[PDB]
Structure formats: C-alpha cells, structure tokens
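Using the deposited numbering, the letters of the sequence shown correspond one by one to residues 50 to 193.
Note that the Cβ used here is the ideal one computed from N, Cα and C, for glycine as well.
Below is one structure, written out as structure tokens; the observations come after it.
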Amino acid sequence: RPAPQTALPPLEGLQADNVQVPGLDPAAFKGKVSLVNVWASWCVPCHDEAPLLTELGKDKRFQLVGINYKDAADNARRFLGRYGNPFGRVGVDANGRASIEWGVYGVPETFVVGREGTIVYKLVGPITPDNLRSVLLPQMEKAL
C-alpha cells in the first residue's frame, strides 16, 4: 500500500552537520528506498536496537526516517544524543495519531518504503543482528 500521507513536525534542536534535522513530509519517500523506524525513549527494545540503526545509518544508499512516538522532547533528544542519530528526518508523533495510520501496534516497528512510495516490508519488534543481516538489508537491497 501507499505510505500514509502523514506530515509531522521536527524534533526541535536535533542537528546533523550543524543544521536542524527536518520533520516528516511524505513527499520525501518518492525516488528513495527508506527505512521508517517508530521508537520512543521509554521503550526497552528501542534501546536494544538503537546501536544497530546507528551503524545502518552509515550506508548512504538508504534514507532513514524516524517517528518519535508519545515521547517528551528532552527525553527524545537525550536518546539520540546517547546512541547517535542515524535519521535524516525525524518526525514527532506526540499523540500517536500518525502511528495509528501506519498500523503500529506498539513500538518499535520498522517499515521499508520503496521508490514508488509504497510499503514493501514491515518488521514488528526490534531490529536484531540476525534480522538486519538476513531479512531487512536483503529486502532493502532488492528495492534498489
């Protein structure tokens, strides 16, 4: 299905290369292979998976998008300062309403969005070394 057309404001004060990281504009999916991760600082598996996303963010073939779910800004900024920020865009979903449009049961969940802006794969639960290497990255490469 087409990715939901949800627009979300940014996480104020999150910077990359000395400029504010933008929020989520659904036009950003077209033409790219994107990973969309829905996370919160209070979520236990979200901590477990964070260092794996920081590494994946080094791979410039892909766009990484974060949806910060039901999380206070100070805590979200602490989280990304602790583990690093792998995301090129971070949208804040303070009330969870955008995540319902994405079909999110709880955090974390991860989606792969292809060049046509459609959802080609979903992972429920944390990214692990095994599902990164042998499930998610293969699907992402196929979508290129």
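Judging by CA-CA distance, which residue of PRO75, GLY133 and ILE176 is the nearest neighbour of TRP151? Each of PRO75, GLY133 and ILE176 was checked against the Cα of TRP151, and the nearest Cα belongs to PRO75.
Tell me, which residues are paired with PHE111 by DSSP? BP columns for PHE111 are empty, so no partner.
Write down the C-beta distance between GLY174 and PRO187 rounded to the nearest angstrom, noting that I regard them as a contact closer than 8 Å. Between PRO187 and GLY174 the Cβ distance is about 18 Å, and since that is not below 8 Å, they are no contact.
Could you check if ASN86 is buried or exposed, using at least 16 other CB atoms within 10 Å of its CB as the buried criterion? With 16 or more other Cβ atoms within 10 Å, it is buried.
Check whether the region 130-145 and the region 96-109 touch, using three or more Cβ-Cβ pairs below 8 Å as the test. Verdict: yes, contact present.
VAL169 (DSSP reduced to helix, strand or coil): Secondary structure at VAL169: strand, using DSSP grouped into helix, strand and coil.
What residue ranges within the region 63-150 form continuous alpha helix (DSSP H) runs of no fewer than 4 residues, ordered along the chain? Counting only runs of 4 or more, we get 93-105, 122-132 and 146-150.
Assign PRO178 to one of three DSSP states: helix, strand, or coil. DSSP places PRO178 in helix when its eight states are reduced to three.
Residues of its chain near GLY166, where Cβ-Cβ distance is below 8 Å and the 5 sequence neighbours each way are ignored: In the same chain as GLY166, and ignoring 5 residues on each side of it, the C-beta atoms closer than 8 Å to its own belong to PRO51, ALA52, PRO75, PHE78 and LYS79, in chain order.
Is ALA56 buried or exposed, if buried means 16 or more other CB atoms sit within 10 Å of its CB? Counting Cβ neighbours within 10 Å, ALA56 comes out exposed, since fewer than 16 surround it.
Is DSSP giving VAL153 helix, strand or coil here? Residue state, collapsed to three classes: coil.
Which residue comes first and which comes last in the beta strand (DSSP E) that contains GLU158? Its beta strand (DSSP E) spans residues 158-162.
Rounded straight-line distance, which links the Cα of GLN112 to that of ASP120: So the alpha carbons of these two residues sit roughly 23 Å apart.
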